[PDB]
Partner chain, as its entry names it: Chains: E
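There is one chain below, alone, in structure tokens, taken in the form solved without the partner chain.
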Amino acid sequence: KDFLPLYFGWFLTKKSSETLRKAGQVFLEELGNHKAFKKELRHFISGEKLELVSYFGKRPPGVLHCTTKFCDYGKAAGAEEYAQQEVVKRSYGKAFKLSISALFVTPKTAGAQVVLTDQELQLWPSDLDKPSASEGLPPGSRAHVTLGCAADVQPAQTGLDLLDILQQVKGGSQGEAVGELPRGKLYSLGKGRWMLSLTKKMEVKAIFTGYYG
């Protein structure tokens, strides 16, 4: 039988990767410097000034991606079923534009929120065993690009952290913006969670394909 990928997803172009990576780093430098962030450090780490670029020391080495289905070479529940879909096979190798609406930070991860189109949502997995954090929220809400994570954090965390942030915004606990950065308004959501809502959404170009590793 055929070996499936470790995961499927949208792999950003060199140029788009660079643009997003740089905006992520700017965001981390700006946030760590902001009075509102500094004031809440006791809620971010249990340990002065914290350099977030250093804090999120495990970062993608190269091109960035937005994962659809983690398959673990076929071992993950739902993987075979996902891989066999016509839309996945038809879409393999095709170019898409992804809309980034926000950047976020938590004690565990730094990421960018992706808002998928209906066409793109046909490639979002619809599995049997789903998480309770996805509960209530529209499919594809988890979609994101991971920009870094803290030293002992495992893969899958950024998505979890996004859903949590969205479950909060859904609750109306977003609060008034506590500052304005060049790219948009900054929100403090508590328990070390921060979100920049970009005034102007970023568009990144990407290719849908499978990563083996």
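Numbering follows the first chain given and starts at 1.
In what follows, reference is made to the form deposited with the partner chain bound, a form of this protein that is not presented.
*Asks:* Please tell me whether any heavy atom belonging to residue 97 falls inside 4.5 Å of a heavy atom of the partner chain, as the geometry stands in the deposited complex.
*Replies:* Yes, residue 97 lies within 4.5 Å of the partner chain in the deposited complex.
*Asks:* Just to confirm, residue 119 within 4.5 Å of the partner chain in the deposited complex by heavy atoms?
*Replies:* So residue 119 counts as contacting the partner chain.
*Asks:* Residue-level question: is residue 131 within 4.5 Å of the partner chain in the deposited complex, judged on heavy atoms?
*Replies:* Residue 131 lies outside the contact set for the partner chain.
*Asks:* Hey, in the deposited complex, does residue 191 get a heavy atom within 4.5 angstroms of the partner chain?
*Replies:* Taking the distances in the deposited complex, the answer for residue 191 is no, it never comes within 4.5 Å of the partner chain.
*Asks:* Mind listing which residues of 1-34 have a heavy atom within 4.5 Å of the partner chain in the deposited complex?
*Replies:* Stretch hits, in order: 13, 14, 15, 16.
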